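J.: I'd like to ask some things about the structure below.
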Amino acid sequence: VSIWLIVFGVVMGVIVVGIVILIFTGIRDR
Amino acid sequence: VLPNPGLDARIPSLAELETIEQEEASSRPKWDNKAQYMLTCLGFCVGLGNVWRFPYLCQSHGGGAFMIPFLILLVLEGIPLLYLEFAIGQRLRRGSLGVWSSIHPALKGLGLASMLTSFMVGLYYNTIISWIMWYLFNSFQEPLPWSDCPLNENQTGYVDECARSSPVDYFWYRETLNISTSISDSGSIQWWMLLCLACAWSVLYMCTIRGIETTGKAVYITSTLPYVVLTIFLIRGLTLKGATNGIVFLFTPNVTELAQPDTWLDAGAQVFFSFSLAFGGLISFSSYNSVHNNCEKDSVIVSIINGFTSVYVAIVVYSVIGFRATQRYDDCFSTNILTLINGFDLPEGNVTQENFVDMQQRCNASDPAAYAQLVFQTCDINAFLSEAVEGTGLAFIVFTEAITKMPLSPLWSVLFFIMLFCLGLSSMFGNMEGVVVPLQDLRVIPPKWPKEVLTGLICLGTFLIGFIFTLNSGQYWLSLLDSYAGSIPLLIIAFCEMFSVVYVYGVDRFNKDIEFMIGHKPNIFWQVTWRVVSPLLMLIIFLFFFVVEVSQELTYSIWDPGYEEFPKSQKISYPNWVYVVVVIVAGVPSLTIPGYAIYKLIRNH
Ligand SMILES: *[C@@H]1O[C@H](CO)[C@@H](O[C@@H]2O[C@H](CO)[C@@H](O)[C@H](O)[C@H]2NC(C)=O)[C@H](O)[C@H]1NC(C)=O
Ligand SMILES: *[C@@H]1O[C@H](CO)[C@@H](O)[C@H](O)[C@H]1NC(C)=O
Ligand SMILES: *[C@@H]1O[C@H](CO)[C@@H](O)[C@H](O)[C@H]1NC(C)=O
Ligand SMILES: *[C@@H]1O[C@H](CO)[C@@H](O)[C@H](O)[C@H]1NC(C)=O
Ligand SMILES: *[C@@H]1O[C@H](CO)[C@@H](O)[C@H](O)[C@H]1NC(C)=O
Ligand SMILES: CC(C)C[C@H](N)C(=O)O
């Protein structure tokens with residue numbers, strides 16, 4: 001499977017959910 | 001000194017400053033404490049330029065004769081300049097575009113040149129981070145991917161250009177970059193380096209989504225990682241076999257090299273790149289502090305950590321170059337041992353490094369005919385301690401070859417690469433402030449959208465522009481661009497900032513502003529360097545650029561796995577349309593200052 005695609009899929013997954021927390025916090029904050 | 005008609009009633013007036021600071025509690029952001037401001041400043045100046053541009057420049061300019069000019073020029077341009085930026089931003093209460101437009105409306109080119117050189121430097125600087133993220137994803141496996149060659153179609157031998165070159169060169173040039181033979185032919189988008197690019201920009205947009213107060217905790221966790229991983233790497237590097245031999249190469253000077261013009265241009269352009277001067281990010285960061293803040297204590301503390309680190313990284317880097325130059329020298333010399341005992345059939349415990357020159361004369365005195373067809377490699381140190389350590393050729397070809405010879409080799413790859421990532425991410429925090437802030441004072445976005453919309457906008461644009469570095473010829477585009485937009489653009493703006501404060505604003509007016517804020521006037525050391533010394537050294541390094549632009553030939557390195565005498569370097573000349581690119585990348589900036597000046601003076605007429 002290529003171990004580099006798994007580590008990319010975890011790292012790009014924890015980034016793209018970290019932006020939808022920091023966007024809804026801003027809104028649910030102002 | 002021009003009397004500057006109408007200088008007052010444009011800036012705050014030295015008694016309005018205690019009043020305006022108590023009403024900026026809701027308009028302009030603040031720092032949480034003093035430690036959040038110091039870690040943001042010295043994280044913007046360290047990393048990726050202590051590993052990439054410094055030892056690449058240090059070998060060429062005398063081996064270790066690059067540390068003299070460097071240090072001196074630092075203490076003579078660096079200090080003064082960095083101190084002039086922390087104090088003109090704290091008093092004028094504005095960013096980069098708002099400071100130089102309050103010191104005559106003709107010097108608005110300095111704010112537009114500091115924005116255009118922060119966009120073009122951070123264009124390719126965030127591509128090097130995407131190559132670092134690709135090497136971090138390719139860890140977490142014990143037979144590391146750069147440790148062995150692949151096989152042919154017919155599984156009998158290795159691939160033809162992995163057998164001639166190193167297996168580490170058949171992971172960077174063919175499996176990561178998939179590089180081509182010239183800059184004039186480009187391939188396709190190379191999808192696996194696209195994903196990494198996306199990753200990099202996405203991670204850059206998560207930490208700077210609201211400017212300050214998100215970049216804060218980030219800076220926290222990223223100013224520690226880098227610093228503690230380097231220390232863990234020092235006690236490993238000095239324990240290696242061939243270390244304390246590339247350190248001596250770093251500190252034996254070649255005093256003939258100190259009398260060339262091109263070794264003072266590369267030293268002068270490294271001070272304005274290591275210190276993040278002429279970018280406009282350190283003015284915007286100092287513009288958030290209180291008015292009664294010691295901006296002289298901050299400028300000599302940040303500068304002696306920036307100077308100490310650039311030597312502290314260089315003795316970690318050269319302790320593993322000396323380890324590759326002992327692994328290669330003990331393998332080339334073992335070739336001459338084994339080729340002598342196989343042609344004359346001797347036992348192995350008689351021919352060694354102590355008497356190799358003794359017994360090779362015994363072989364031509366015994367069999368003069370059988371000794372003629374044998375070959376003997378000629379290799380000695382200072383030929384392995386001086387090699388092609390070109391750009392993107394130290395973290396990827398030199399370090400990743402030495403990591404595979406340590407025990408627990410997947411652990412030293414992860415640590416190292418995460419460290420590099422941190423070093424390179426924290427310097428894109430302040431580089432995003434050099435583009436977001438003067439584009440927010442230009443009134444081009446409607447001022448009811450949130451701050452998190454403009455940031456994202458910029459990001460998308462730069463990511464869509466980063467497609468030119470993912471082609472097959474995408475490494476030849478990053479070198480050229482790099483060098484040019486990293487050398488020219490720094491010097492000009494740095495000189496314009498020192499002139500316009502002490503000769504258009506006024507250095508005698510500026511001393512009344514320092515005495516109000518920190519409590520006293522600047523010393524006699526700050527007076528000579530501001531007026532006389534450093535405006536001159538800069539005005540000089542500027543003439544050395546045109547002395548070495550002419551009387552040199554534009555050459556660049558070519559891989560070309562069909563070229564005879566393959567693994568050594570081949571340099572060909574650039575095409576003729578590269579002057580259009582160079583022109584743009586190092587012109588727009590400069591032509592901007594006089595450009596706008598002319599524009600305004602014309603509007604005058
Ligand atoms: C110290 O630096 C000088 C200056 O570059 C080196 O002299 C050069 O040597 C190369 C190769 O022998 C010549 O092609 C250049 O023309 C020389 N430069 C000049 C100005 O004549 C010198 O080799 C260096 N010292 C050592 C030990 O390498
Ligand atoms: C190597 O093996 C492939 C089979 O995939 C074959 O097509 C090719 O002709 C072989 N090459 C040689 C030199 O025999
Ligand atoms: C790049 O790799 C692809 C397959 O991954 C290959 O088809 C192509 O020929 C390579 N490009 C060059 C210039 O070798
Ligand atoms: C190898 O053999 C030669 C000849 O017998 C001898 O002179 C030499 O000392 C030997 N080397 C050793 C014992 O290391
Ligand atoms: C053997 O070769 C060396 C050079 O490697 C030379 O100096 C010597 O004269 C040669 N001896 C004979 C007998 O030819
Ligand atoms: C992106 C750049 C502003 C980084 C800076 N030149 C440094 O190496 O510290």
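J.: Anything over 22 Å Cα to Cα? Flag those among B:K30/B:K217; B:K512/B:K600; B:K297/B:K512; B:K108/B:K297; B:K30/B:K297; B:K108/B:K448, in the order listed.
T.: Correct reply: B:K512/B:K600; B:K108/B:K297; B:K108/B:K448.
J.: Starting from the 7 Å offset along Cα-to-Cβ, what nm value, one decimal, do you get for the label separation of B:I315 and B:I221?
T.: 3.3
J.: What are the ³J(HN,Hα) values, in whole Hz, obtained from phi via the Karplus relation 6.51 cos²θ - 1.76 cosθ + 1.60 with θ = phi - 60°, for each residue of the range B:256-268 in sequence order, with x given for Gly and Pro?
T.: Along the range B:256-268, the couplings run 5, 5, 6, 10, 10, x, 6, 8, 9, 6, 6, 7, x Hz.
J.: Can you give me the long-range amide H partners of B:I572? Hydrogens built in the peptide plane at 1.01 Å from N, cutoff under 5 Å, separation of 5 or more residues or another chain.
T.: Here the answer is B:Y556, B:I558, since their amide H atoms fall under 5 Å of that of B:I572.
J.: Taking 8 Å as the Cα distance limit and 6 or more residues as the minimum spacing, I'd like the relative contact order of chain B as a percentage.
T.: Once divided by the residue count of chain B, the mean separation gives 33 percent.
J.: Which whole-number percentage describes the relative contact order of the range B:484-604, with Cα contacts under 8 Å and a sequence gap of 6 or more?
T.: Once divided by the residue count of the range B:484-604, the mean separation gives 29 percent.
J.: When you look at the Cβ of every residue in A:1-10, what mean number of other chain Cβ atoms sits within 10 Å?
T.: Across A:1-10, the average partner-chain Cβ count within 10 Å equals 5.
J.: Find how many whole Å separate the alpha carbon centroid of the range B:21-45 from the alpha carbon centroid of the range A:9-26.
T.: First find each Cα centre; the distance between them is then 25 Å.
J.: May I pose another question? Tell me whether chain B comes out rounded, prolate or oblate; compute the Cα gyration tensor, take square roots of the eigenvalues as a ≥ b ≥ c, and use a/c under 1.5 as the rounded threshold.
T.: Since a/c reaches 1.5 and a/b is larger than b/c, the shape of chain B is classed as prolate.
J.: So how much slack lies between B:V583 and B:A35, counting 0.36 nm per residue of separation and subtracting their Cα-Cα distance, in nm?
T.: This chain segment gains 193.1 nm when fully extended.
J.: What does the highest-first list of B:6-19, A:6-19 look like by mean Cβ count within 10 Å?
T.: A:6-19, B:6-19
J.: In nm, what is the difference between 0.36 nm times the number of residues separating B:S479 and B:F251 and their Cα-Cα distance?
T.: Result: 79.3 nm gained on full extension.
J.: What is the spin-label model distance, in nm, from B:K448 to B:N604 if the labels are put 7 Å beyond Cα along the C-beta direction?
T.: 4.0
J.: How far, in nm, would the chain grow between B:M359 and B:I558 when pulled straight, counting 0.36 nm per residue and subtracting the alpha carbon separation?
T.: Residue separation times 0.36 nm, minus the Cα-Cα distance, leaves 67.5 nm.
J.: Once a ≥ b ≥ c are taken as the square roots of the eigenvalues of the Cα gyration tensor of the range B:1-93, is the result rounded (a/c under 1.5), prolate (a/b larger than b/c) or oblate (a/b not larger than b/c)?
T.: oblate
J.: Right, here's the next one. With everything on Cα atoms, drop me the angle between helix B:427-436 and the longest principal axis of chain B, reported from 0 to 90° to the nearest 10.
T.: 40
J.: For B:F285, B:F249, which order do you get if you count the other beta carbons within 10 Å of each Cβ and list the fewest first?
T.: Ascending Cβ contact count within 10 Å gives the list B:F249, B:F285.
J.: Restricting to DSSP H runs of at least four residues, report the calculated mean residue ellipticity at 222 nm for the protein assembly as shown, -39500 (n - 2.57) per run over all residues, nearest 500 deg cm²/dmol.
T.: -17500 deg cm²/dmol
J.: How far apart, in nm, are two points set 7 Å out from the Cα along the Cα-to-Cβ line at B:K241 and at B:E390?
T.: Once both label points are built, they end up 2.9 nm from each other.
J.: Using a Förster distance of 45 angstrom, determine the FRET efficiency expected from the C-beta separation of B:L539 and A:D29, and round it to 0.05.
T.: For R0 = 45 Å, the calculated efficiency reads 0.35.
J.: Something else about it: Please go through the range B:287-356 and write out the GluC sites (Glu not before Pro) that DSSP classes as loop and that have at most 13 other C-beta atoms within 10 Å.
T.: Answer in residue order: B:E348, B:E354.
J.: For a test of the definition: using alpha carbon positions, the gyration tensor, and the 1.5 limit on a/c, classify the range B:211-314 as rounded, prolate or oblate.
T.: oblate
J.: Let me check I've understood the local charge: for B:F70, count other residues with C-beta under 15 angstrom from its C-beta, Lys and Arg +1, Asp and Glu -1. What total comes out?
T.: Taking every other residue near B:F70 into account, the sum is -3.
J.: On to the next question. FRET efficiency for B:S60 and B:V375, Cβ-Cβ distance as r, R0 = 30 Å, nearest 0.05?
T.: Working from the Cβ atoms, E equals 0.45.
J.: If one takes the longest principal axis of the Cα atoms in chain B, at what angle in degrees, from 0 to 90 and to the nearest 10, does the Cα axis of helix B:314-341 lie?
T.: For helix B:314-341, the angle is close to 10 degrees.
J.: What does the charge dipole of the protein assembly as shown about its Cα centre add up to, to the nearest 20 debye, if the Cβ of each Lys and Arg holds +1 and the Cβ of each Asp and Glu holds -1?
T.: That gives the protein assembly as shown a dipole magnitude of about 2380 debye.
J.: What is the calculated FRET efficiency for B:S569 to B:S182, with r their C-beta to C-beta distance and R₀ = 22 Å, to the nearest 0.05?
T.: FRET efficiency, B:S569 to B:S182: 0.90.
J.: Expressed as a whole number of Å, what is the distance separating the alpha-carbon centroids of the range B:414-457 and the range B:319-372?
T.: Between the Cα centres of the range B:319-372 and the range B:414-457 lies a distance of 58 Å.
J.: Sticking with this structure for a sec: How well do other chains shield peptide B:186-198, expressed as the mean number of their Cβ atoms within 10 Å of each residue Cβ?
T.: Mean partner-chain Cβ count within 10 Å for B:186-198: 1.
J.: Determine the shielding of peptide B:592-600 by partner chains: average, over its residues, the number of Cβ atoms on other chains within 10 angstrom of each Cβ.
T.: 0
In this analysis, Cβ positions are derived from the backbone assuming ideal geometry, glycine residues included, and neighbour counts consider all displayed protein chains. None of the figures in this text is laboratory data; all of them are computed from the coordinates on show.
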